[PDB]
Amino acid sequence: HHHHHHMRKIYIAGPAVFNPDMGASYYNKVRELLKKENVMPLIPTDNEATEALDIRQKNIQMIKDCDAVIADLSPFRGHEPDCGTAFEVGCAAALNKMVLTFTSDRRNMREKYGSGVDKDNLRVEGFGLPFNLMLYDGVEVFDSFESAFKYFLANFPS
């Protein structure tokens, strides 16, 4: 009786932080969706420090503390995902965390660039993936945050 109850936590990785509203609209939608399932979002800007190294450490700790990462690997400033998000995906991988990724553009990299090379003749990966192969771990690449969250609910029960 009155056993400790673990509340599931998801690290919310993605470039929404760079939206004009600092991600407020995205994070509010995430908060509402997760609240209904008693899941807590771990949001990069929560209780935000002022020093870069402190912000980084807190975010790494959030990844250490999470049950899963849902990472927004949508195009950011071109066809490539956000590198901060990519760092967080790598951190989670090394820690053997469940990593779920989504993108607004699921086309293969060569489809996105329209060629096997970019405008500067740099090679575009040819592995039938939407982004750098390091970011793919065998789990399906989802279309949306919501679809990734549905996978979480099915595969990480309370």
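Residue positions are given as counts along the sequence shown, with the first one as 1.
As the entry records it, the average C-alpha temperature factor is higher for 25-33, out of 124-132 and 25-33. Mean CA B-factor, 43-51 versus 102-110: the higher value falls on 43-51. Ranked by Cα temperature factor within the chain, residue 57 sits in the middle third according to the deposited record. Placement of the Cα temperature factor of residue 68 within the chain: lowest third of the modelled residues, per the deposited record. Sort the modelled residues of the chain by CA B factor and residue 91 lands in the lowest third.
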